[PDB]
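Chain by chain, the residues run as shown.
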Amino acid sequence: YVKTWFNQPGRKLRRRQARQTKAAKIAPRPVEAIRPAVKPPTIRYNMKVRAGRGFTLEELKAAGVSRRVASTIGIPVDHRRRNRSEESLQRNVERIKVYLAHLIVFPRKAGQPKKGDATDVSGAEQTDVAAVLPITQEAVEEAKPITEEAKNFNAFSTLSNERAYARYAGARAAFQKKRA
Amino acid sequence: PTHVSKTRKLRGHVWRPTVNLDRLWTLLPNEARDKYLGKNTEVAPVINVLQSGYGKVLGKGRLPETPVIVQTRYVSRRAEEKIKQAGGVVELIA
Amino acid sequence: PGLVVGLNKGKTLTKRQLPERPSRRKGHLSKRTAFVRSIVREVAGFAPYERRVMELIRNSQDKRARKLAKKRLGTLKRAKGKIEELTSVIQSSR
RNA sequence: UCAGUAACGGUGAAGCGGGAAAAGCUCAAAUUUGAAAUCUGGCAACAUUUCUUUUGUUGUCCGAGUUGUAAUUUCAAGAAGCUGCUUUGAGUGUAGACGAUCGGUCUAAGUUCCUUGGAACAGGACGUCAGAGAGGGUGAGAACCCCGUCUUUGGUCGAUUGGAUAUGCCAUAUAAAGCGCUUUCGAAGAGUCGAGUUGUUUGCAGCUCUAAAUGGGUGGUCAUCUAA
RNA sequence: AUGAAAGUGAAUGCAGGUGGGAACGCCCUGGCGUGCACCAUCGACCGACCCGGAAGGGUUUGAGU
RNA sequence: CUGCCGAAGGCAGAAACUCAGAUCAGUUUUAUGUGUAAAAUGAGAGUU
C-alpha cells in the first residue's frame, strides 16, 4: 500500500476555489472569525502566543456582549476554556473591544438601527481579521537599568536550595508529622 | 540516469537547548550591538535567551566589559560571576 | 517566588477565582432525591448479602464482615461505603 | 512534525507545535394541573408544485395518549422570585439587479499567378487576418477551403430556479426572549461502573459476583472530566 | 559533551607551550626568522571515579573544550 | 566495442603527506656463530 501525492497541485487549487466560493457566498463578513490570544500549555511553548478556538463566558461578559448574540455577530465561544489569570482576561477582553469598535452591524429588516446596529452601512467591504487584529507575540523586554539588589542576588544558588527543599520535601514532611 | 550506469557497459559480460556567553551578544540585533556595545550607558541591554529558544546558558567564552542583563531559567555556576565580573547581572525569568 | 524550581514553581501572575462549573457538582445529594432514596429503601428492603452483613454486624464479627463485603463488592472503598451505610441503618432500626 | 521516540519482545504510538476546515447542539431525570394545551388516520373544501405526477393548510369525525403527547430545562447551565433596559413573522404577490444549470444561436482573413504532380495541402512570387499561428478534415507539410480556435468570466433566445434589494398584502404581541441580582433550590442515564476468572488484538467479550451520590472516571491530597 | 540516573554540563597561561613542518620574508648554497594544515609531544578546562569539605590532590576515564 | 592496470592456492589498486635519503633488496661480499651486525650492485624510497 502506497500513498502518492500527484494530486497536490489539484488539492491546492480546489482549496483555493473553496475559499473563493466561501468568500463570494458570505462576502459582507470576513472569511475568518475572530480568534482569542492563547498561550500554549507546556514548558517548551509557554513563551509564545497563538490563536485559540474561541473566547470564554467570563471574557464575553466582561466585554459586555452576551454569549447568545456573540455567535450571531461572529464571535466564537469556548465553554471549556477558563481564565486563571487577569492578564489573559483583559488580554482577550481588549481583543473583543477592538473587534467591536471596528465592527459594523447591518440592521435587520432594513427599517431602523434598532439599538445595536450601524446608521451608515454603505461602506461595506470584506477585509480579513488579521489586518485589523494582528495577533502578536509575548512582549520582548527592552533595556532596563541595572538593579542593585538583583546584582547582589547570586542566581542558581537559590535554584539549588529550593531544589534541595523540593527533593527532600517529603523528608522533612515526615520529620514534622512524626515528631508532632 | 540509466544511460550512465554500469549495466550499459556490462552488456555482453553476463527540553533545554543551551547557549554559551560567547554567543549571547549574537542574539541581540545589529542595532542593539551598535548602540550598547563598547560604550558607557546608565541603562543596560537585556538578553532574553528564552525568547530566542534557549533554556540554559553555559560558560564557554569571554565577554566584553559592557554590562548586560541575562534573562534565563537556568544559569551556569561560574558563568554567573562571569557576568558579575563583566558588570552585568543575571535576572532569572520564570 | 516567581521561580522555575520549587514547591511553588512557575510564573507569578494575578490569580483569578474561577466561577463555579455546574458539572463539578455531580455527586451532590439533593434533598428530594435523598427523600426518594429513602422511600425506595423502605419499600424494597436489602439484598441477600446485606442481610448477611446485618447478621455479621449484630454478632459483632466486624473483621469477617468487612472481609466478605470486600469480596462481594471488589474494592475496599466500596466495602467501607457499604459498612457505614448499613451500620447507619442499624441504629435507625434499633 | 513529534519519530522510528516512548513502550513492548522486530513491533511501534500519543501529548505539545505548525497548518487544511470549522458549528454547535438535542433528550430522560422537576405538575400546564385554571383545564392534552400534543399527534397519525377518515371525510370536505382551500390551495401549492421541477409535477394535473409534488407538498401542505383549515374544518369535522374516529383514534393514539395521563403506564405521559405538547411548551420550559441539558450542568456551558438551569429553574423560582426580583429588576428595568433591549429585541421580535417558521408568512403571501409584483419589479429590477445579481449569480448559476440545461439546451437554442452568433463569429478574421487567397483558394490570385508560375513550375512539379493523378491530386498543391509542395516550391517561388504577390497579399491578408491574428484577443484567432491549438487541433482535425479535405486527392502530399493548409492560420487565410471547411469545422473549430480567440473574442467568451459574452451577445442573443427561451425554461428554470438559489439568495438578497425595492414594493404590496396578511399576522395578531393580553405574548415570547436576552441581560444584572438572589432571601431559593438545583432533579443529571444500573446487571451499568467496578472486581476475580477465561478468551481476542490498555480495548473488547463470556461467566461468578455486583456499587455509590461531592459520588464516579482519568493523570502524578492534588489537577482535570461528568460515562453507562 | 558526559553520566546507570538525578544531573552537571569546557580557551588558566597571545583560546597554553615544545619540536618537526607547507609557503613566505630577510639577507649574504646556507643561515635566519616565520609557521598553516597535520603529526608527534605538552598543560589547563568540561564532566563521570576517588579523597577532601568551593579551593586543593590524583597521572583513571570520554572517537570531550 | 576498444584501451590500460591486474591477482589470489592477509593480495592489487586509489587517495593524504613525509625524506633528495643510506631508504630498501627472494642478492652477493666482510665480521661474529642458516642467526645477527657493519662493503658491492640495483632501485627514488615510503608510511596511516
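Above this text you will find the structure in question.
Positions are assigned from 1 on a per-chain basis following the written sequence, which can diverge from the numbering of the entry; residues without coordinates are not listed. The lettering of chains begins at A and the numbering of ligands begins at 1, in the order of writing. Keep in mind that this is only part of a larger assembly, and the values describe that part, not the whole. In computing side-chain values, all of the structure's heavy atoms are included and hydrogens and water are not.

(A) Fine view of unusual backbone geometry. The backbone of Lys-109 of chain A shows a phi angle near 60°, a positive value even though the residue is not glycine. Assignment of secondary structure puts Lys-109 of chain A in the loop between α4 (86–102) and α5 (129–132). For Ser-60 of chain C, which is not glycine, the phi torsion reads 70° and is therefore positive. Mapping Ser-60 of chain C onto the fold places it in the loop between α2 (48–58) and α3 (62–73). On the accessibility criterion, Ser-60 of chain C (63% relative accessible area) is exposed. Numbered from the N terminus, helices here are DSSP runs of H or I no shorter than four residues, and strands are runs of E no shorter than two. In this scheme, a residue with accessible area under 20% of its type's maximum is buried, one over 50% is exposed, and one in between is partly exposed, where area comes from a 1.4 Å probe on protein chains only.

(B) Representation of the interface of chain A and chain B within the structure. The partner chain B presents 22 residues to the 20 residues of chain A that form the contact. Summed over both sides, the interface between chain A and chain B buries roughly 1900 Å², with carbon and sulfur atoms accounting for 64% of that surface. Any carboxyl oxygen of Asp or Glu that lies within 4 Å of a side-chain nitrogen of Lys or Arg is treated as forming a salt bridge with it. Inspection of the chain A/chain B interface yields zero salt bridges. For the purposes of these results, a polar contact is taken to be a pair of N or O atoms within 3.5 Å, where, inside protein, one atom must be able to donate a hydrogen and its partner to accept one; residues adjacent in sequence count only when each atom of the pair is a side-chain atom. One can count ten residue pairs in polar contact joining chain A with chain B. Secondary-structure elements contributing two or more residues to the side of chain A that touches chain B are β3 (144–145), α6 (148–152) and α7 (156–167) of chain A. The biggest single contributor to the side of chain A that touches chain B is α7 of chain A, with three residues. Whether two residues touch is decided by their heavy atoms; if any such pair falls within 4.5 Å, the residues are in contact. Put simply, buried area is how much 1.4 Å-probe accessible surface two parts lose in total, over both of them, once they are put together.

(C) Molecular detail of the interface of chain A and chain C. Of the residues lining the interface, 15 residues belong to chain A; the matching set on chain C comes to eleven residues. Counting each side, the surface lost to burial between chain A and chain C is near 1200 Å², with a carbon and sulfur contribution of 65%. Our count for the contact surface shared by chain A and chain C stands at one salt bridge. Its salt-bridge partner being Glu-58 of chain A, residue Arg-16 of chain C comes within 3.0 Å of it at the nearest N-O pair. The interface formed by chain A and chain C holds two residue pairs in polar contact in total. Residue assignment for the side of chain A that touches chain C shows that the elements contributing at least two residues are α4 and α7 of chain A. It is α7 of chain A that provides the largest number of residues to the side of chain A that touches chain C, a total of five residues. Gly is placed with the polar residues, together with every amino acid not listed as nonpolar (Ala, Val, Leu, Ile, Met, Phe, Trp, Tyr, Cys and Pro) or charged (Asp, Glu, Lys and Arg). Among the residues forming the side of chain A that touches chain C, the class breakdown is three nonpolar, four polar and eight charged.

(D) Representation of the sheet that holds strand β3 (residues 46–48) of chain B within the structure. All names here are of chain B. At least two DSSP bridges between two strands are required for those strands to pair. If you trace the three strands from one edge of the open sheet to the other, you get β3-β5-β7, paired in parallel fashion. Taken across any chain shown, the strands that pair with only one partner, and hence form the sheet edges, are β3 and β7 (89–92). Each neighbouring strand pair of the sheet contributes to a mean axis angle of 25°, computed without reference to strand direction. Judged from the four bridges that link them, strand β5 (residues 69–72) and β7 form a sheet pairing that is parallel. By the bridge assignment for β7, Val-70 is matched with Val-90. Only the stretch in contact is used when fitting a helix axis, every axis being a line fitted to C-alpha atoms; angles between N-to-C directions are given from 0 to 180 degrees.

(E) Region of the structure containing the protein's contact with RNA strand E. The cutoff for a nearby residue is simple: one of its non-hydrogen atoms must lie within 4 Å of the molecule or strand. Looking at RNA strand E, there are 14 residues lining it, with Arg-163 and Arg-167 of chain A together with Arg-16, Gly-59 and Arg-78 of chain B nearest. For RNA strand E, the fraction of atoms within 4 Å of the protein that belong to sugar or phosphate moieties is 61%. Within the side chain of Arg-78 of chain B, one N or O atom sits 2.4 Å away from a phosphate oxygen of RNA strand E. The leading source of residues in the surface near RNA strand E is α7 of chain A, at three residues. For the surface near RNA strand E, the class distribution of residues is two nonpolar, four polar and eight charged.

(F) View of a positive patch on the surface. Residue and element names in this part refer to chain C. Side chains of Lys-63, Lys-67, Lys-70, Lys-71, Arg-72 and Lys-80 sit close together on the surface and give a patch of like positive charge. Ranked by residues supplied to the positive patch, first place goes to α3 with five residues. With respect to the element layout, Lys-80 can be found in helix α4 (residues 76–93). Surface patches are drawn from residues lacking salt bridges whose relative accessible area is over 30%; two like charges belong together within 9 Å, two nonpolar side chains (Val, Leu, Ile, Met, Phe, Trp, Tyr) within 5 Å. To measure how exposed things are, a 1.4 Å probe is used in the Shrake-Rupley method; for residues, cover is taken only from the protein chains shown. Residues counted as positive are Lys and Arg, residues counted as negative are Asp and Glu, and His and the chain ends are not counted. A charged residue contributes its charge at one atom only: NZ of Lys, CZ of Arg, CG of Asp or CD of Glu.

(G) Expanded view of α4 of chain C. All names here are of chain C. To estimate how far a helix should reach, multiply one less than its number of residues by 1.5 Å. Between its terminal C-alpha atoms α4 stretches 25 Å, which fits the 26 Å expected from 18 residues at 1.5 Å a residue. For α4, the full list of buried residues reads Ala-79, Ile-83, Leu-86 and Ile-90. In a view along the axis of α4, the buried residues occupy a sector of 85°, so they form one face of it. Away from the buried face of α4 by more than 90 degrees, exposed residues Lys-77, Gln-91 and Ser-92 are located. Its buried side turned inward, α4 meets α2 and α3. The arc under discussion is defined with respect to the helix axis, by the directions toward the C-beta atoms.

(H) Here's a closer look at the packing of α3 of chain C against α4 of chain C. Residue and element names in this part refer to chain C. Their axes nearest at 8 Å, the elements α3 and α4 cross at an angle of 120°. The orientation of α3 relative to α4 falls into the category oblique. For the crossing formed where α3 meets α4, the hand is right-handed. The residues of α4 that touch α3, namely those facing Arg-66, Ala-69, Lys-70 and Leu-73, are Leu-76, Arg-78, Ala-79, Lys-82 and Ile-83. Grouping the amino acids of the contact of α3 with α4 by side-chain chemistry returns five nonpolar, no polar and four charged. The cut-offs work like this: below 35 degrees is roughly parallel, past 145 is roughly antiparallel, 65 to 115 is roughly perpendicular, and the gaps in between are oblique. In a left-handed crossing the near helix is turned counterclockwise from the far helix by less than a right angle, and in a right-handed crossing that turn is clockwise.

(I) Local environment of the packing of α2 of chain C against α4 of chain C. Residues and elements named next belong to chain C. Direction vectors running N to C along α2 and α4 enclose 70°, while the axes themselves pass 11 Å from each other. Classified by the angle between their axes, α2 and α4 sit roughly perpendicular to one another. Crossing angle aside, the handedness with which α2 passes α4 is right-handed. When α2 is examined against α4, the residues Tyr-49, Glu-50, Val-53, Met-54 and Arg-58 are found in contact with a partner set consisting of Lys-82, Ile-83, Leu-86, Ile-90 and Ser-93. Per-class residue counts for the contact of α2 with α4 are six nonpolar, one polar and three charged.

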